[PDB]
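Engineer: this one's a deposited entry, sequence included:
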Amino acid sequence: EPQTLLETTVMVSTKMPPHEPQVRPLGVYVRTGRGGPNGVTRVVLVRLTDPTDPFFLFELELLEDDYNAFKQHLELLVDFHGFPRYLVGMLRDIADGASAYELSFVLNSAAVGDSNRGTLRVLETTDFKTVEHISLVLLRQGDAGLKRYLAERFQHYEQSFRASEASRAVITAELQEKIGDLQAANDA
Amino acid sequence: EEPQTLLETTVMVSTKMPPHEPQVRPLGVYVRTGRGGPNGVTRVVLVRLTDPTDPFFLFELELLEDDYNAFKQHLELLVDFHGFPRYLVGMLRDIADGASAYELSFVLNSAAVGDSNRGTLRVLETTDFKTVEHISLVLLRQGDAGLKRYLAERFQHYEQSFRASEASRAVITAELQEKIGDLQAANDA
Amino acid sequence: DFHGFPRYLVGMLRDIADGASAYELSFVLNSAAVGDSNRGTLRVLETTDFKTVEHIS
(Lines give C-alpha, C1' and ligand atoms only; values in the text may rest on other atoms or scores of the structure.)
Protein backbone atom coordinates (compact mmCIF):
# COMPACT_ATOMS: atom_id res chain seq x y z
CA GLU A 1 0.00 0.00 0.00
CA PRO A 2 2.82 2.65 0.17
CA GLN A 3 2.37 5.91 -1.78
CA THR A 4 4.47 8.96 -2.71
CA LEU A 5 2.36 12.15 -2.59
CA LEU A 6 5.19 14.49 -3.60
CA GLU A 7 8.73 14.35 -4.97
CA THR A 8 10.06 17.62 -6.28
CA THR A 9 12.61 20.38 -5.85
CA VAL A 10 12.01 23.79 -4.26
CA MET A 11 14.10 26.78 -3.18
CA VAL A 12 14.53 26.76 0.58
CA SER A 13 16.13 29.25 2.93
CA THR A 14 18.57 27.19 4.89
CA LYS A 15 20.25 28.62 7.93
CA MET A 16 23.08 27.30 10.00
CA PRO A 17 23.18 29.64 13.04
CA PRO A 18 24.97 31.81 13.63
CA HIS A 19 25.88 31.93 9.91
CA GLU A 20 23.69 33.91 7.49
CA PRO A 21 20.93 31.95 5.74
CA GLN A 22 21.30 31.14 2.06
CA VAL A 23 18.79 29.90 -0.53
CA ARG A 24 19.43 26.52 -2.17
CA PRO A 25 17.32 24.19 -4.23
CA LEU A 26 16.29 21.28 -2.03
CA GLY A 27 14.52 17.99 -2.59
CA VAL A 28 11.22 17.29 -0.94
CA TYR A 29 9.81 13.80 -0.93
CA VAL A 30 6.67 12.83 0.97
CA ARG A 31 5.48 9.25 1.23
CA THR A 32 2.88 7.31 3.21
CA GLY A 33 3.18 3.61 4.00
CA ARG A 34 3.78 1.06 6.74
CA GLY A 35 6.23 0.98 9.64
CA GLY A 36 6.83 1.14 13.38
CA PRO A 37 7.91 -1.32 16.11
CA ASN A 38 5.83 -4.15 14.71
CA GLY A 39 5.73 -2.95 11.10
CA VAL A 40 1.93 -2.62 11.01
CA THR A 41 1.63 1.03 12.00
CA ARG A 42 0.64 3.60 9.36
CA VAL A 43 3.42 6.13 8.75
CA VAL A 44 3.91 9.49 7.11
CA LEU A 45 7.42 10.28 5.92
CA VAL A 46 8.76 13.71 5.07
CA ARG A 47 12.18 13.75 3.39
CA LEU A 48 14.50 16.66 2.70
CA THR A 49 17.50 16.38 0.39
CA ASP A 50 20.11 18.54 -1.38
CA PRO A 51 21.04 17.50 -4.93
CA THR A 52 24.42 19.21 -4.46
CA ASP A 53 25.22 17.13 -1.32
CA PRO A 54 24.53 13.35 -1.07
CA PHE A 55 24.91 13.28 2.75
CA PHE A 56 22.25 15.98 3.18
CA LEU A 57 19.35 13.81 4.25
CA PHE A 58 16.84 14.82 6.90
CA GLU A 59 13.62 13.05 7.60
CA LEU A 60 10.57 13.20 9.73
CA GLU A 61 8.88 9.83 10.20
CA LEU A 62 5.57 10.01 11.95
CA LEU A 63 3.72 7.03 13.37
CA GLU A 64 -0.09 7.16 13.45
CA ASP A 65 -0.20 6.47 17.19
CA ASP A 66 1.98 9.42 18.16
CA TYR A 67 -0.25 11.74 16.14
CA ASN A 68 -2.71 12.97 18.79
CA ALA A 69 0.25 14.52 20.59
CA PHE A 70 1.44 15.86 17.23
CA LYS A 71 -1.97 17.32 16.36
CA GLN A 72 -2.15 19.01 19.77
CA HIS A 73 1.36 20.41 19.90
CA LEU A 74 0.91 21.89 16.43
CA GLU A 75 -2.80 22.71 16.71
CA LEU A 76 -3.72 20.78 13.55
CA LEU A 77 -7.37 20.41 12.55
CA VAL A 78 -7.13 17.34 10.33
CA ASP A 79 -6.76 13.61 11.00
CA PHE A 80 -3.74 11.41 10.29
CA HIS A 81 -4.98 10.90 6.72
CA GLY A 82 -5.30 14.57 5.82
CA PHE A 83 -2.10 15.77 7.45
CA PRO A 84 0.30 14.56 4.73
CA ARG A 85 -2.31 15.52 2.13
CA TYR A 86 -2.46 19.12 3.30
CA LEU A 87 1.27 19.26 4.03
CA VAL A 88 2.13 18.32 0.46
CA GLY A 89 -0.66 20.62 -0.72
CA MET A 90 1.00 23.51 1.08
CA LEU A 91 4.54 22.59 0.04
CA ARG A 92 3.77 21.73 -3.57
CA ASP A 93 1.89 24.96 -3.90
CA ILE A 94 5.11 26.81 -2.83
CA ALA A 95 7.27 24.78 -5.18
CA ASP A 96 4.81 25.44 -7.99
CA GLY A 97 4.98 29.18 -7.44
CA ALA A 98 1.26 29.37 -6.71
CA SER A 99 1.92 30.25 -3.09
CA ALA A 100 2.69 33.57 -1.41
CA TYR A 101 4.56 31.54 1.17
CA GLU A 102 8.22 30.72 1.43
CA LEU A 103 10.12 27.72 2.77
CA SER A 104 12.71 27.92 5.54
CA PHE A 105 15.02 25.36 7.17
CA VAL A 106 17.04 26.07 10.33
CA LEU A 107 19.70 23.63 11.63
CA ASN A 108 20.53 23.36 15.35
CA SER A 109 24.19 24.26 14.81
CA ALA A 110 26.77 26.15 12.76
CA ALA A 111 27.99 23.12 10.83
CA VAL A 112 26.24 20.15 9.23
CA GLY A 113 28.58 17.57 10.80
CA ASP A 114 27.73 18.74 14.31
CA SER A 115 24.02 19.17 13.69
CA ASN A 116 21.45 16.45 14.25
CA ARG A 117 18.23 18.23 13.33
CA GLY A 118 16.56 21.13 11.63
CA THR A 119 13.23 22.88 11.84
CA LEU A 120 11.52 23.28 8.49
CA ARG A 121 8.98 26.11 8.46
CA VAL A 122 6.39 27.49 6.07
CA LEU A 123 6.51 31.25 6.46
CA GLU A 124 4.28 34.10 5.30
CA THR A 125 5.64 37.63 4.95
CA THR A 126 3.22 40.46 5.76
CA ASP A 127 3.76 44.17 6.19
CA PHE A 128 3.50 43.64 9.96
CA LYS A 129 5.56 40.48 10.37
CA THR A 130 6.53 37.00 9.24
CA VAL A 131 3.62 34.68 10.10
CA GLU A 132 4.37 31.02 10.78
CA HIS A 133 1.98 28.51 9.23
CA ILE A 134 3.66 25.25 10.25
CA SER A 135 6.74 23.85 11.99
CA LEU A 136 8.30 20.39 11.87
CA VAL A 137 11.47 19.06 13.43
CA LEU A 138 13.37 16.77 11.09
CA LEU A 139 16.19 14.51 12.23
CA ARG A 140 19.45 14.11 10.28
CA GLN A 141 19.90 10.44 9.34
CA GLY A 142 22.45 7.95 10.67
CA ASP A 143 24.94 6.31 8.33
CA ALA A 144 23.36 2.86 8.12
CA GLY A 145 20.04 4.49 7.33
CA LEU A 146 21.78 6.76 4.84
CA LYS A 147 23.55 3.87 3.08
CA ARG A 148 20.16 2.34 2.44
CA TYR A 149 18.97 5.66 1.02
CA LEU A 150 21.81 5.86 -1.45
CA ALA A 151 21.73 2.14 -2.19
CA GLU A 152 17.95 2.42 -2.61
CA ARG A 153 18.23 5.32 -5.03
CA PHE A 154 21.26 3.59 -6.56
CA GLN A 155 19.26 0.49 -7.46
CA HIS A 156 16.24 2.57 -8.44
CA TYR A 157 17.80 4.60 -11.23
CA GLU A 158 19.88 1.68 -12.50
CA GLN A 159 16.64 -0.14 -13.32
CA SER A 160 15.11 3.07 -14.68
CA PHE A 161 18.07 3.51 -17.03
CA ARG A 162 17.74 -0.04 -18.36
CA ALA A 163 13.98 0.54 -18.75
CA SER A 164 14.62 3.51 -21.05
CA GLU A 165 16.95 1.27 -23.05
CA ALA A 166 13.94 -1.03 -23.48
CA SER A 167 11.59 1.81 -24.44
CA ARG A 168 14.12 3.29 -26.86
CA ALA A 169 14.70 -0.14 -28.41
CA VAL A 170 11.00 -0.99 -28.92
CA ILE A 171 9.81 2.39 -30.25
CA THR A 172 12.87 2.81 -32.48
CA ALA A 173 11.84 -0.44 -34.14
CA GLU A 174 8.09 0.17 -34.46
CA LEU A 175 8.43 3.52 -36.15
CA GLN A 176 11.51 2.52 -38.19
CA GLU A 177 9.42 -0.35 -39.53
CA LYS A 178 6.66 2.17 -40.27
CA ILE A 179 8.86 4.03 -42.73
CA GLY A 180 8.88 0.89 -44.88
CA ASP A 181 5.08 0.52 -44.96
CA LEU A 182 4.54 4.17 -45.83
CA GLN A 183 7.43 3.82 -48.30
CA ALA A 184 5.25 1.38 -50.23
CA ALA A 185 2.31 3.78 -49.92
CA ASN A 186 4.51 6.37 -51.59
CA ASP A 187 5.19 3.78 -54.30
CA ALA A 188 1.42 3.49 -54.83
CA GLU B 1 50.15 9.34 -16.88
CA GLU B 2 46.47 10.00 -16.18
CA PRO B 3 43.76 7.94 -14.43
CA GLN B 4 42.14 4.99 -16.22
CA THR B 5 39.43 2.39 -15.77
CA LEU B 6 41.17 -0.72 -17.15
CA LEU B 7 38.27 -3.09 -16.52
CA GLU B 8 34.65 -2.80 -15.51
CA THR B 9 32.64 -5.94 -16.04
CA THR B 10 30.72 -8.74 -14.38
CA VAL B 11 32.04 -12.27 -13.91
CA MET B 12 30.90 -15.44 -12.16
CA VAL B 13 32.79 -15.97 -8.92
CA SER B 14 32.96 -18.82 -6.43
CA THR B 15 32.17 -17.19 -3.13
CA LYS B 16 32.53 -19.04 0.11
CA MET B 17 31.56 -18.02 3.61
CA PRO B 18 33.25 -20.60 5.91
CA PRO B 19 32.14 -22.84 7.37
CA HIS B 20 29.20 -22.64 4.96
CA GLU B 21 29.31 -24.45 1.67
CA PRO B 22 30.64 -22.31 -1.20
CA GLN B 23 28.29 -20.73 -3.69
CA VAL B 24 28.74 -19.27 -7.18
CA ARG B 25 27.48 -15.69 -7.64
CA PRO B 26 27.81 -13.06 -10.31
CA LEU B 27 30.14 -10.34 -9.06
CA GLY B 28 31.23 -6.99 -10.40
CA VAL B 29 34.89 -6.44 -11.12
CA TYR B 30 36.33 -3.00 -11.62
CA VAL B 31 40.04 -2.28 -11.96
CA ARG B 32 41.37 1.21 -12.13
CA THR B 33 44.70 2.94 -12.15
CA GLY B 34 44.96 6.58 -11.20
CA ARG B 35 46.44 8.79 -8.55
CA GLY B 36 46.17 8.35 -4.79
CA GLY B 37 47.92 7.55 -1.55
CA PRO B 38 49.04 9.52 1.53
CA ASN B 39 50.02 12.54 -0.54
CA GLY B 40 47.72 11.89 -3.52
CA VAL B 41 50.52 11.86 -6.12
CA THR B 42 51.35 8.19 -5.83
CA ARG B 43 50.44 5.89 -8.67
CA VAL B 44 47.82 3.43 -7.45
CA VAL B 45 46.20 0.26 -8.63
CA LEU B 46 42.66 -0.32 -7.47
CA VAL B 47 40.78 -3.60 -7.69
CA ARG B 48 37.12 -3.35 -6.75
CA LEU B 49 34.71 -6.24 -6.29
CA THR B 50 30.95 -5.80 -6.08
CA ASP B 51 27.65 -7.71 -6.10
CA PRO B 52 24.76 -6.27 -8.13
CA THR B 53 22.28 -8.09 -5.89
CA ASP B 54 23.87 -6.52 -2.76
CA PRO B 55 24.92 -2.84 -2.42
CA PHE B 56 26.92 -3.46 0.79
CA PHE B 57 29.04 -6.09 -0.93
CA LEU B 58 31.92 -3.74 -1.69
CA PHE B 59 35.49 -4.92 -1.41
CA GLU B 60 38.62 -3.22 -2.61
CA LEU B 61 42.30 -3.78 -2.80
CA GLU B 62 44.18 -0.52 -3.09
CA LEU B 63 47.88 -0.77 -3.87
CA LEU B 64 50.43 2.03 -3.75
CA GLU B 65 53.51 2.16 -5.97
CA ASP B 66 55.70 2.70 -2.89
CA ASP B 67 54.38 -0.54 -1.38
CA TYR B 68 54.83 -2.57 -4.58
CA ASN B 69 58.31 -4.08 -4.16
CA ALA B 70 57.13 -5.91 -1.06
CA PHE B 71 54.04 -6.98 -3.02
CA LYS B 72 56.24 -8.11 -5.95
CA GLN B 73 58.55 -10.20 -3.74
CA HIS B 74 55.75 -11.73 -1.69
CA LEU B 75 53.62 -12.85 -4.65
CA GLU B 76 56.57 -13.78 -6.85
CA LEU B 77 55.49 -11.43 -9.67
CA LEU B 78 57.86 -10.78 -12.60
CA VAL B 79 56.55 -7.45 -13.85
CA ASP B 80 56.88 -3.87 -12.65
CA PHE B 81 54.13 -1.73 -11.14
CA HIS B 82 53.00 -0.57 -14.61
CA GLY B 83 52.50 -4.03 -16.08
CA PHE B 84 50.89 -5.56 -13.01
CA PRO B 85 47.36 -4.21 -13.45
CA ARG B 86 47.53 -4.85 -17.22
CA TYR B 87 48.32 -8.50 -16.63
CA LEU B 88 45.90 -8.80 -13.69
CA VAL B 89 43.19 -7.41 -15.96
CA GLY B 90 44.46 -9.46 -18.92
CA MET B 91 43.84 -12.52 -16.81
CA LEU B 92 40.46 -11.36 -15.49
CA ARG B 93 39.19 -10.25 -18.92
CA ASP B 94 40.20 -13.56 -20.35
CA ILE B 95 38.00 -15.20 -17.69
CA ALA B 96 34.96 -12.95 -18.07
CA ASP B 97 35.14 -13.30 -21.85
CA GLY B 98 35.29 -17.08 -21.66
CA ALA B 99 38.70 -17.30 -23.27
CA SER B 100 40.32 -18.60 -20.11
CA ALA B 101 40.53 -22.13 -18.70
CA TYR B 102 40.82 -20.52 -15.27
CA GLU B 103 38.26 -19.86 -12.56
CA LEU B 104 37.56 -17.15 -9.98
CA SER B 105 37.22 -17.71 -6.22
CA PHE B 106 36.46 -15.41 -3.27
CA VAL B 107 36.73 -16.67 0.32
CA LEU B 108 35.56 -14.55 3.25
CA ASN B 109 37.20 -14.63 6.69
CA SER B 110 33.86 -15.37 8.33
CA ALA B 111 30.44 -17.01 8.00
CA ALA B 112 28.51 -13.85 7.14
CA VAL B 113 29.14 -10.84 4.91
CA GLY B 114 28.15 -8.78 7.95
CA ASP B 115 30.83 -10.40 10.12
CA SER B 116 33.55 -10.29 7.51
CA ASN B 117 36.06 -7.53 7.00
CA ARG B 118 37.93 -9.24 4.17
CA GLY B 119 38.04 -11.92 1.52
CA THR B 120 40.73 -13.66 -0.50
CA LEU B 121 40.26 -13.50 -4.25
CA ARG B 122 41.96 -16.26 -6.21
CA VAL B 123 42.49 -17.25 -9.82
CA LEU B 124 42.41 -21.03 -9.86
CA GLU B 125 43.34 -23.59 -12.48
CA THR B 126 41.81 -27.04 -12.31
CA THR B 127 44.07 -29.85 -13.50
CA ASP B 128 43.68 -33.59 -13.30
CA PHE B 129 46.24 -33.58 -10.48
CA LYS B 130 45.09 -30.56 -8.48
CA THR B 131 43.84 -27.02 -8.25
CA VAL B 132 46.80 -24.77 -9.13
CA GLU B 133 46.80 -21.27 -7.68
CA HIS B 134 47.81 -18.52 -10.07
CA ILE B 135 47.18 -15.47 -7.90
CA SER B 136 45.73 -14.39 -4.55
CA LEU B 137 44.71 -10.94 -3.43
CA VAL B 138 43.21 -9.96 -0.10
CA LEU B 139 40.48 -7.37 -0.45
CA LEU B 140 39.23 -5.31 2.45
CA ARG B 141 35.54 -4.61 3.01
CA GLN B 142 35.05 -0.82 3.07
CA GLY B 143 34.32 1.33 6.07
CA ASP B 144 31.01 3.14 6.04
CA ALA B 145 32.39 6.47 4.84
CA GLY B 146 34.06 4.82 1.84
CA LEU B 147 30.90 2.90 0.96
CA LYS B 148 28.60 5.91 1.16
CA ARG B 149 30.75 7.56 -1.50
CA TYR B 150 30.52 4.49 -3.74
CA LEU B 151 26.75 4.32 -3.49
CA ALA B 152 26.31 8.08 -3.86
CA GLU B 153 28.65 7.92 -6.87
CA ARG B 154 26.74 5.13 -8.57
CA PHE B 155 23.55 6.87 -7.47
CA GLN B 156 24.38 10.08 -9.35
CA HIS B 157 25.64 8.14 -12.36
CA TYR B 158 22.52 6.20 -13.24
CA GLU B 159 20.28 9.14 -12.39
CA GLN B 160 22.00 11.00 -15.20
CA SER B 161 22.21 8.04 -17.58
CA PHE B 162 18.46 7.75 -17.09
CA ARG B 163 17.97 11.44 -17.93
CA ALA B 164 20.07 11.00 -21.08
CA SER B 165 17.94 8.07 -22.28
CA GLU B 166 14.87 10.24 -21.84
CA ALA B 167 16.58 12.76 -24.13
CA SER B 168 17.45 10.01 -26.60
CA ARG B 169 13.91 8.62 -26.48
CA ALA B 170 12.59 12.15 -26.93
CA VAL B 171 14.69 12.58 -30.06
CA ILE B 172 13.61 9.31 -31.66
CA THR B 173 9.99 9.18 -30.45
CA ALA B 174 9.30 12.71 -31.73
CA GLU B 175 11.03 12.59 -35.13
CA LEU B 176 9.63 9.18 -36.03
CA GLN B 177 6.11 10.21 -34.98
CA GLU B 178 6.61 13.25 -37.15
CA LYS B 179 7.53 10.92 -40.02
CA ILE B 180 4.39 8.84 -39.50
CA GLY B 181 2.14 11.86 -39.88
CA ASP B 182 3.91 12.95 -43.06
CA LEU B 183 3.78 9.64 -44.94
CA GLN B 184 0.36 8.70 -43.49
CA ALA B 185 -0.91 11.74 -45.38
CA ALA B 186 1.06 10.51 -48.41
CA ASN B 187 -0.91 7.25 -48.23
CA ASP B 188 -4.10 9.28 -48.06
CA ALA B 189 -3.19 10.78 -51.45
CA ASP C 1 9.67 49.67 13.77
CA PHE C 2 8.58 50.76 17.25
CA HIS C 3 6.25 53.34 15.69
CA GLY C 4 4.46 50.81 13.54
CA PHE C 5 4.19 47.98 16.06
CA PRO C 6 1.24 49.43 17.98
CA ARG C 7 -0.31 50.66 14.71
CA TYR C 8 -0.33 47.20 13.20
CA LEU C 9 -1.17 45.55 16.54
CA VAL C 10 -4.16 47.83 16.91
CA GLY C 11 -4.84 47.44 13.21
CA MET C 12 -5.15 43.72 13.75
CA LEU C 13 -7.20 43.89 16.97
CA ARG C 14 -9.45 46.70 15.71
CA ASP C 15 -10.03 44.76 12.55
CA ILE C 16 -11.27 41.93 14.78
CA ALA C 17 -13.53 43.99 17.03
CA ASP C 18 -15.21 45.59 14.03
CA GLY C 19 -15.98 42.22 12.51
CA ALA C 20 -13.94 42.96 9.42
CA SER C 21 -11.38 40.33 10.34
CA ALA C 22 -11.43 36.56 9.77
CA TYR C 23 -9.29 36.22 12.89
CA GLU C 24 -10.17 35.36 16.47
CA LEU C 25 -8.90 36.37 19.90
CA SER C 26 -7.65 33.90 22.52
CA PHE C 27 -6.39 34.31 26.09
CA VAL C 28 -4.80 31.47 28.08
CA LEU C 29 -3.98 31.81 31.81
CA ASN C 30 -1.16 29.94 33.57
CA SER C 31 -3.61 28.33 36.01
CA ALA C 32 -7.19 27.11 36.54
CA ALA C 33 -8.38 30.18 38.43
CA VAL C 34 -7.85 33.92 38.03
CA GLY C 35 -6.82 34.27 41.70
CA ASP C 36 -3.81 31.91 41.30
CA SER C 37 -2.71 33.25 37.94
CA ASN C 38 -0.18 35.99 37.41
CA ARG C 39 -0.17 35.92 33.62
CA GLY C 40 -1.87 34.98 30.38
CA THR C 41 -1.01 34.50 26.73
CA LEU C 42 -3.06 36.55 24.27
CA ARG C 43 -3.21 35.22 20.71
CA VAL C 44 -4.59 36.25 17.34
CA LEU C 45 -5.63 33.05 15.62
CA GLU C 46 -6.53 32.20 12.05
CA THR C 47 -8.61 29.12 11.34
CA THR C 48 -7.72 27.16 8.23
CA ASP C 49 -8.89 23.79 7.03
CA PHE C 50 -5.49 22.36 7.96
CA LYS C 51 -4.85 24.02 11.33
CA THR C 52 -5.01 27.05 13.58
CA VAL C 53 -2.42 29.53 12.30
CA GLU C 54 -1.00 31.91 14.88
CA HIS C 55 -0.54 35.53 13.77
CA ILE C 56 0.74 37.11 16.99
CA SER C 57 1.38 36.26 20.64
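Structural biologist: Done, it's in. Numbering: from 1, shown residues only, chains lettered A, B, ... in the order given.

Engineer: how about the helices in chain A?
Structural biologist: A:67-74, A:83-96, A:143-187 (DSSP state H).

Engineer: reformat these as JSON lines; add distance to chain C and mean neighbour count.
Structural biologist: For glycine as for every other residue, the C-beta is placed from the backbone atoms N, C-alpha and C. What follows is the helices of chain A, written out as JSON lines (distance: least, C-beta to the nearest C-beta, whole Å; neighbours: other C-beta atoms under 10 Å in any protein chain shown):
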{"stretch": "helix A:67-74", "distance to chain C": "7", "mean neighbour count": "13"}
{"stretch": "helix A:83-96", "distance to chain C": "4", "mean neighbour count": "19"}
{"stretch": "helix A:143-187", "distance to chain C": "29", "mean neighbour count": "15"}
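
Engineer: how close does the residue nearest the centre of chain A sit to chain C?
Structural biologist: Geometric centre of chain A, nearest residue: residue A:29, 1.5 Å, by C-alpha atoms, centre = their mean. Noted for residue A:29: a distance of 20 Å to chain C, by C-beta to the nearest C-beta, to the nearest Å.

Engineer: what bridges to that residue?
Structural biologist: For residue A:29, the beta-bridge partners are residue A:7, residue A:47 (DSSP bridges).

Engineer: ok now do it, which residues does it touch?
Structural biologist: When contacts are counted by C-beta atoms under 8 Å, 6 or more residues apart in numbering or on different chains, residue A:29 is found next to A:4, A:6, A:7, A:45, A:46, A:47, A:48, A:49.

Engineer: could those residues go into TSV alongside neighbour count and distance to residue A:81?
Structural biologist: Shown next, in TSV, are these (neighbours: other C-beta atoms under 10 Å in any protein chain shown; distance: C-beta to C-beta, whole Å):
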residue	neighbour count	distance to residue A:81
A:4	13	16
A:6	19	15
A:7	14	20
A:45	18	15
A:46	21	15
A:47	20	19
A:48	23	22
A:49	20	25
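
Engineer: which pair in these spans the largest distance?
Structural biologist: Spatially, the most separated pair among the contacts of residue A:29 is A:4 and A:48, at 14.6 Å (C-beta to C-beta).

Engineer: could you pull up phi and psi at residue A:97?
Structural biologist: phi 90, psi 10 (degrees, to the nearest 10).

Engineer: count the neighbours of it for me.
Structural biologist: Applying other C-beta atoms under 10 Å in any protein chain shown, we find 7 other residues in the vicinity of residue A:97.

Engineer: do the same with the one 10 residues further on
Structural biologist: A total of 21 residues lie near residue A:107 under the criterion other C-beta under 10 Å.

Engineer: that's all I had, so thanks and see you.
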